[PDB]
């Protein structure tokens, strides 16, 4: 479905955790059903994410407008909502706006697609409403050095509409390439990237990291793409 700050879309992260594989399965089947069959005025696309430990799921959903968003949230509520809080152990419907994104030059854009084999990382950052703008503006700037860390493909910075939080959405070549980058020495980190990460920590209340794999996707008026198969199994 592509990710780019220039488009006219609100970006929603329905993120879930589960205690069971039964949980991911029922969530993935329940969301794939809504994706493949649902109408939804102003809905652009949804991309279903799984998670290696087969625990918890993430729906990345592009909306034309907030009005279309709350409309769907008007049916849905108390029908499909208590089901999900029962299939899950925490629910977050994060309403954000993509404010920045870059990618490795060997990519023409950021495409999110089960036809790809990305290690999809998502991190949620809490931030005092008074500190959001600084955090967004310091984080949402071009980083050419990351473009040269192996395994890196792209990342996109999203702003929580209610001032409260910031989501990063990164794509990596493999778990090992990302684990290598995330744990490498402060030594190996250039001067400017140390200065940034050292001042950002003073503004992030909390941090929440999850890694997924894209398994389903469908844009308005287009056929779906999947690796999921009939029961929520996925490849």
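Numbering follows the first chain given and starts at 1.
- In this entry, residue 74 is separated from residue 75 by 1 to 3 residues of the deposited sequence that have no coordinates.
- Comparing 148 to 156 with 134 to 142, the stretch with the higher mean C-alpha B-factor in the PDB entry is 148 to 156.
- Of the two stretches examined, 32 to 40 and 177 to 185, the record assigns the greater average C-alpha temperature factor to 177 to 185.
- If you compare the C-alpha temperature factors of 163, 82, 114, 108 in the entry, 82 comes out highest.
- Set against one another, the Cα B-factors of 209, 205, 46, 52 in the record reach their highest point at 52.
- Per the deposited record, the Cα B-factor of residue 62 falls in the lowest third when ranked against the other modelled residues of its chain.
- When the CA B factors of the chain's modelled residues are split into thirds, the value for residue 96 lands in the lowest one.
- In the deposited entry, the Cα temperature factor of residue 78 places it in the highest third of its chain's modelled residues.
- In the deposited entry, the Cα temperature factor of residue 199 places it in the highest third of its chain's modelled residues.
- Per-chain ranking of the deposited C-alpha B factor places residue 124 in the lowest third.
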